[PDB]
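Report on the structure given below.
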Amino acid sequence: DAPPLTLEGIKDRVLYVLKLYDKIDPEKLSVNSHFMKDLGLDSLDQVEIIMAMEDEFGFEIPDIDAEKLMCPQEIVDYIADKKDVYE
Amino acid sequence: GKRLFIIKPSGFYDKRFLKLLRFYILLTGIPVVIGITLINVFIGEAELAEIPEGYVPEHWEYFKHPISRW
Amino acid sequence: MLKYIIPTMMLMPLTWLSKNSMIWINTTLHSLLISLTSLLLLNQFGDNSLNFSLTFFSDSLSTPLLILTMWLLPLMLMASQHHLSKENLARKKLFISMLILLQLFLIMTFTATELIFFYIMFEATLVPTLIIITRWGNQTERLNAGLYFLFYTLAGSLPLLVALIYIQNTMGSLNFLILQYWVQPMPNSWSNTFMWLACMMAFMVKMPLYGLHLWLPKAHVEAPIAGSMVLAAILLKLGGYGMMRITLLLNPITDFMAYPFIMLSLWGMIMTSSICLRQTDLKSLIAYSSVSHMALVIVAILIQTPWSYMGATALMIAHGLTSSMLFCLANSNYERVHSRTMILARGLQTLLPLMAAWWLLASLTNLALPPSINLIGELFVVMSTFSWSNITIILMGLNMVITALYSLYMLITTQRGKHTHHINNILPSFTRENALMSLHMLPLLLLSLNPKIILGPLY
Amino acid sequence: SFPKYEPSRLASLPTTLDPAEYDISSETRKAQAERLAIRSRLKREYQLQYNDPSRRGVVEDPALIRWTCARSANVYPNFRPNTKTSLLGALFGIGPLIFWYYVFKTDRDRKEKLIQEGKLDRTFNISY
Amino acid sequence: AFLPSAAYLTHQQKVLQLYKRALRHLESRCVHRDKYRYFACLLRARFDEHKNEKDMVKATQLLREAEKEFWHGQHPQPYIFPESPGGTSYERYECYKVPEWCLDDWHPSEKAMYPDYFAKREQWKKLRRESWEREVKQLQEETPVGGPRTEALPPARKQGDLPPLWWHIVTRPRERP
Amino acid sequence: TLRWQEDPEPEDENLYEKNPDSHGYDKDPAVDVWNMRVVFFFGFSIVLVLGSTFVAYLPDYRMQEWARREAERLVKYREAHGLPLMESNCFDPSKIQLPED
Ligand SMILES: CCCCCCCCCCCCCCCCCC(=O)OC[C@H](COP(=O)([O-])OCC[N+](C)(C)C)OC(=O)CCCCCCCCCCCCCCCCC
Ligand SMILES: CCCCCCCCCCCCCCCCCC(=O)OC[C@H](COP(=O)([O-])OCC[N+](C)(C)C)OC(=O)CCCCCCCCCCCCCCCCC
């Protein structure tokens, strides 16, 4: 039960959730693509992404850490730290 | 096979204490129970009988088990 | 009783003539030999007590207390042999000599046929406990713990002795083998009222009664644990022996006078259970639980029914063993964490599993889990108090809730939860500690199989 | 329109519905900054005393021993017997004792006057 | 108001937290995905219609009305994630989070059962104990006077030097031990 | 200007470093082993099991079993001669001088 996930697995998952979002075009996204700078979304879209990741991984991210991680690579780093990958 | 480690407190002292307790109680419990079943199988539990006339019993001749009499 | 007093007075030079590293081994071995030898006192008959000589006798009542006392000495010697390693050798021998003298005065207390002899050595016991409490403690308040412990107890008994001497001028003999046949009924008058008060108040203080219980928590949160175990387990039983030896002479005035004492004991045992529900120290919590148990014993002997006497003796012995092993638990925790706070060290089941098992067994035996002797005595006292009056069971029932509620809670915050992060000196189980804990626990379970040896003088 | 959720002893106001969060006076942020400074000093001290490889022992919090000393040992020395304290002590000290004494007393006279006249059924009561 | 780093919550953060909590309660209200999506789009459109409002006091009063209706119209039992506080499995696996220093207490007859792990542990401990004086030197000169003003830990400013106060935050065991 | 010159307070002495096989008795290993053997022999193997054997086969505590046997005789008498089981008078009612009323 609950198999461990590697960093590339959660990376595939986060890029999949980003590609399934209508506001993100499926070509310009990257791990370090800033939401306000590289893509120019709003704060509400950032909280939408945070809720999508919370529902996808089935656990709650605190609001301060929800607003602090500001790139997909930060999301990958936080998920990999909380699940403690590469055991 | 991704054999990970689980950190646990040292159970050597508790296991050693339990082993010492069991060994030190069994070291006398086995001879005691062996002697008890041997006197219960060979020496024999006594039998009820009425007091004869003109013969008083000892103070230890009023009980049933031989260990109680001893 | 010369076959046990002479071994104690002859072990006294043995702990004085021992080597610099074999005091503990020799004293423990020879005290365990005396503990085995003490089983010969059970030559009991259904009609006559084993009257050894003119000034020594032991019925079915005092024999379990004697066995508990000289089984309790080696447990105290093991429980007090850690922190006295840096203490000087002469003072180590002084401490062991004080414990030996305390045992000798205790065994001479329970077998004294004359009540004057019983009183004389019953507060010859006062000197060694006072010396141990005041000298070998660990806080400043031990000095105050030498006052409230002393000036209570003597203030209860300096009247009492006079009353005893008055009986020597009235009956002509204070012997207990005589006074069972020469006893006269006590009329209703103010003089007999004050004689009853004088004969009652000393052991009322020594139980302690509620209102007079202030000396018990102040003398337990600071003691060396040998002193804590002797105070909680066997020194409080002198009040029970005073009840079951004195209440023969105080009939029938006890029946229509002990009403406020029973009210005080019941509502104070409710109060002390509630105080246990909101404590922060392990030692104070165990001491207040002991106050509740002795208030229950007070009610049990004050209603004076045979079922109550059975329950009082069983509850006395079971509470002594349970409180001694609970103080051993608290001493292990205070040894490991160097503090007495309950909320400081939590979640020790994650680190110490066998001490968690002993904690669980202590808590289970504290709240009278059947078929332990604690439940036997508590149930017999419950039925006797229901026979005294109906409404008393309500005043019992709440307590039997509360005496569970802290008894697990005192476990839970000390054993269950997230462990304290900034504490890292939690050593594993020393074999000496767990051997002491098992030596406390195994007789308490074993006596449930054969309770008839500890069921008082009228089983 | 909307139910006004009243404050209660067992139901405090939430951290979000309290108007005290939403006032923009300067001493509010000054007090919050000084509280954060105090908390930062305490946290820094705890982390320096707590991450030490050399230290093997309990980090002695002065607050714990301070609270345990203030709970018991600091009640009598700052106690003055006035009308309120003496009234509360007399109300909670001798009241229930008198109540239980009178209840158990009248129960005893009722039971005794029932049993001397034979009205109390004691047919099978031989264990007492 | 209570934060490890900040002392005051900006109105933007309060608006975002209201949006998060209200939409989570809305998701807990209507279970199905289609109704949740429709009402979530409605709530997002409402917050967008009130997004273009640069007056601080007007957004202050609108936030107060919004919090009042959110508390007036919330579910009694909102959905809580199984690892979130208040969940069904909150701190359930914490009974197996034995700290590392218990390995100090192991018997030498069992310390030879895993030789490589224990050698790695002693060299890690050596690394930590030589880095301790370097990191306390790092804090002893970077900290402002009168103690720190915020609880944010500084990073490691030098190559090869370990992060300061790194041990007890990196030492916590895995959540599934 | 330092008051009442005293040695610094000693730390908590640990026992598992200088001797990992210590049982909490003393510092000398032979003393520890002898103390452990003495208590585990004379406390468990000597008092518990032998005391249990002694109190299990104790000779008829308070003649309780005897209290059955004579009673087993007594009813066997009075169920064969029509006598009542027990009487309301503990002693002989004809051998008591009743006081005047
Ligand atoms: C813990 C502190 C409180 C302790 C309280 C202890 C109980 C309270 C009562 C104790 C009274 C003293 C012992 C009396 C023994 C009497 C025995 C007897 O047969 O009496 C019948 C005798 C009767 O007199 P008689 O026997 O000589 O007369 C012949 C008989 N008749 C009456 C028929 C003619 O009683 C007395 O003589 C008086 C008894 C009452 C004494 C009152 C004074 C003392 C008051 C209590 C002081 C308690 C200590 C306070 C300080 C504590 C320390 C700070
Ligand atoms: C005494 C007062 C002071 C207290 C401290 C004392 C310190 C000194 C202690 C000395 C050693 C101990 C002495 C007392 C020993 C008491 C025990 C004893 O010997 O009893 C004699 C009694 C004697 O039995 P008896 O009384 O029926 O025998 C009558 C006597 N004869 C044989 C002569 C006719 O022993 C037993 O009862 C043993 C019964 C068999 C063994 C147990 C079998 C079942 C085990 C459990 C199975 C699982 C059950 C379900 C569990 C569920 C989960 C919980």
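Cβ atoms are placed via backbone N, Cα and C, with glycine included.
As annotated by Swiss-Prot, transmembrane segment applies to C:22-42 (among others). Long-range contacts of the transmembrane segment (C:22-42) within the same chain, counting only residues at least 6 positions beyond its ends with a Cβ under 8 Å from a Cβ of the stretch, are 3-4, 7-8, 11, 14-15, 50, 58, 63, 66-67, 70-71, 73-74, 77-78, 81, 89, 92-93, 96, 453.
The transmembrane segment annotation in Swiss-Prot covers C:60-80 (among others), and the record cites sequence analysis as its basis.
Residues annotated as transmembrane segment in Swiss-Prot, with sequence analysis given as evidence: C:98-118 (among others).
Taken from Swiss-Prot, the feature transmembrane segment covers C:147-167 (among others). Residues 115-116, 119, 123, 126, 129-130, 133, 174, 195, 197-199, 201-206, 208, 212, 214-215, 218-219, 249 of the same chain, all 6+ positions outside the transmembrane segment (C:147-167), place their C-beta atoms under 8 angstroms from a C-beta of that stretch.
According to Swiss-Prot, the transmembrane segment annotation covers C:196-216 (among others).
Taking Cβ pairs closer than 8 Å, the transmembrane segment (C:224-244) reaches residues 61-62, 65, 68-69, 72, 75-77, 79-80, 83, 95, 99, 102, 106, 109-110, 118, 122, 125, 129, 132-133, 136-138, 202-204, 206-208, 283, 286-287, 290, 294, 297-298, 301-302, 309, 312-313, 316, 320-321, 323-324, 327-328, 331, 456-457 in its own chain, all 6 or more past its ends. Taken from Swiss-Prot, the feature transmembrane segment applies to C:224-244 (among others).
The transmembrane segment annotation in Swiss-Prot covers C:256-276 (among others). Residues 188, 193, 196, 200, 204, 209-211, 213, 285, 288-289, 291-292, 295-296, 298-299, 302-303, 392, 395, 398-399, 402-403, 406, 410 of the same chain lie 6+ residues outside the transmembrane segment (C:256-276) yet bring a C-beta within less than 8 angstroms of a C-beta in it.
The transmembrane segment annotation in Swiss-Prot covers C:284-303 (among others) and rests on sequence analysis.
Residues or ranges marked as transmembrane segment by Swiss-Prot on the basis of sequence analysis: C:308-330 (among others). Proximity of distant same-chain residues to the transmembrane segment (C:308-330), defined by a Cβ-Cβ separation under 8 Å and at least 6 residues beyond the stretch ends, is recorded for 61, 64-65, 68, 72, 75, 79, 220, 225, 228-229, 232-234, 236-237, 240, 243-244, 282-283, 286, 289-290, 293-294, 296-297, 300-301, 340, 355, 358-359, 362, 365-366, 372-374, 376-385, 433, 436-437, 440-441, 443-444, 447, 451, 454-459.
Summarising the annotation, Swiss-Prot assigns transmembrane segment to C:351-371 (among others). Using a Cβ-Cβ cut-off under 8 Å and counting only residues 6 or more beyond its ends in the same chain, the transmembrane segment (C:351-371) has close neighbours at 289, 318, 322, 325-326, 329, 332, 378-379, 403-404, 407-408, 410-411, 414-415, 419, 426, 428-429, 434, 437, 441, 444, 448.
The transmembrane segment feature in Swiss-Prot is assigned to C:391-411 (among others); the stated evidence is sequence analysis.
Across C:98-118, C:196-216, C:284-303, C:391-411, the stretch most heavily in contact with the transmembrane segment (C:60-80), judged by Cβ pairs under 8 Å, is C:98-118.
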